[PDB]
S.K.: 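Got a structure for you, questions after.
Naming convention: chains lettered A, B, ... in sequence-line order (proteins, then strands); numbering from 1 in each chain.
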Amino acid sequence: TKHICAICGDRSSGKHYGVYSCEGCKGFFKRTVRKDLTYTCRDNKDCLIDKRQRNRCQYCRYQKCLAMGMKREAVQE
Amino acid sequence: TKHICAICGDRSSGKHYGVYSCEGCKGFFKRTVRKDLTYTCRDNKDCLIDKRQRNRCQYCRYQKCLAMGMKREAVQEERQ
DNA sequence: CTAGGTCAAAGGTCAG
DNA sequence: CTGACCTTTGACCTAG
Ligand SMILES: [Zn+2]
Ligand SMILES: [Zn+2]
Ligand SMILES: [Zn+2]
Ligand SMILES: [Zn+2]
């Protein structure tokens, strides 16, 4: 699992914010926290986050980052 | 100038789908791939694609995107 | 090692 | 439908 992103399942580049994640999910989490962005799900808050469809819903991607254990506290100034 | 669209000769906004192209040819290729659109040439499949006449034939514009090297694979899934 | 920065190249919108 | 004009993504690098 050291090699697989816990959020989308892409090739993981190491532990980012306490979770094994790809460069994509790391960057997304970083921008969300830094810019203090709020998202909305156009569906039923159960969108599938995988390599191909991770960008389909920002709300569901962020909730998966949190549920997998990504720490807001680990994003610095 | 090395900032020329390989499809139509308009000012290129960078590399789109592996080819130096204008914002017009980028959008056109994207919509064609996304919707899986099939076009028809009303002539002999050799219409001239340039800045002025790019919109004259959808079929010939798409065949030039492909012949120039535009990658169907580089068009990602819809986001909304 | 993993934190942050960068910027080319993806994405999107909506007036015409 | 088109394309000007805009935003977000993620591969890659470097400093701590
Ligand atoms: Zn990921
Ligand atoms: Zn969702
Ligand atoms: Zn063009
Ligand atoms: Zn034609």
S.K.: Expressed as a whole number of angstroms, how long is the span from B:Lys15:NZ to C:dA9:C1'?
M.R.: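 Between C1' of C:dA9 and NZ of B:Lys15: 10 Å.
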S.K.: Do A:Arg34 and C:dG5 have a side chain to base donor-acceptor pair shorter than 3.5 Å?
M.R.: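 By the distance-only test, no, there is no pair.
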S.K.: Which sugar class, north or south, is indicated for D:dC6 by the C1'-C2'-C3'-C4' dihedral?
M.R.: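 Here the sugar adopts a north pucker, which is what a positive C1'-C2'-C3'-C4' value indicates.
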S.K.: Rounded to the Å, how far apart are B:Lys30 NZ and D:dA4 P?
M.R.: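 It is 14 Å, rounded to the nearest whole Å.
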S.K.: So B:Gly24, base contact, sugar-phosphate only, or nothing? Heavy-atom distance under 4.0 Å.
M.R.: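 Sugar-phosphate, no base atom in range.
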S.K.: Checking A:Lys64 side chain against A:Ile7 main chain: does a donor-acceptor pair fall under 3.5 Å?
M.R.: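 Indeed, once roles are kept as given, a pair shorter than 3.5 Å links the two residues.
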S.K.: Out of C:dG12, C:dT2, C:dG4, which nucleotide sits closest to the side chain of B:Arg79?
M.R.: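 For the B:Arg79 side chain, the nearest candidate turns out to be C:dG12.
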S.K.: Using a cut-off of strictly less than 4.0 Å, decide whether A:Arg61 has a side-chain nitrogen or oxygen near OP1 or OP2 of D:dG10.
M.R.: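 For A:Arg61, the contact criterion (side-chain N or O under 4.0 Å from OP1 or OP2 of D:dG10) is met.
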S.K.: For the pair B:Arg79 (side chain) and A:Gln53 (backbone), establish whether a donor and an acceptor sit closer than 3.5 Å, ignoring hydrogens and angles.
M.R.: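 Not confirmed, B:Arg79 side chain does not pair with A:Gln53 backbone.
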S.K.: Just read off the sign of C1'-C2'-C3'-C4' for C:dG11 and name the pucker, north if positive, south if negative.
M.R.: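 North.
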S.K.: Tell me whether A:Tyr39 shares a hydrophobic cluster with A:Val75, the cluster being built from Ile, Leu, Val, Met, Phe, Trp, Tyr side chains joined at under 4.5 Å.
M.R.: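 The answer is yes; both residues are in one hydrophobic cluster.
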S.K.: Rounded to the nearest Å, what distance is computed from the OH atom of residue A:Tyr20 to the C1' atom of nucleotide C:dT2?
M.R.: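 That distance rounds to 11 Å.
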S.K.: With a 4.0 Å cut-off on N to O distance, would you call A:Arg56 and B:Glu77 a salt bridge?
M.R.: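 Counted as a salt bridge, because a side-chain N and a carboxylate O are separated by less than 4.0 Å.
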S.K.: Does the ring of C:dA9 sit north or south, if a positive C1'-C2'-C3'-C4' angle means north and a negative one means south?
M.R.: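 South pucker for C:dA9.
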S.K.: Which nucleotide, C:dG4, D:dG3, D:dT9, lies nearest any side-chain atom of B:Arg31?
M.R.: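 When the side chain of B:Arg31 is considered, D:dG3 is the closest of C:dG4, D:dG3, D:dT9.
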S.K.: When you measure only distances, ignoring hydrogens and angles, does the side chain of B:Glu23 come within 3.5 Å of the base of D:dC5 through a donor and an acceptor?
M.R.: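 Check passes, donor-acceptor contact within cut-off.
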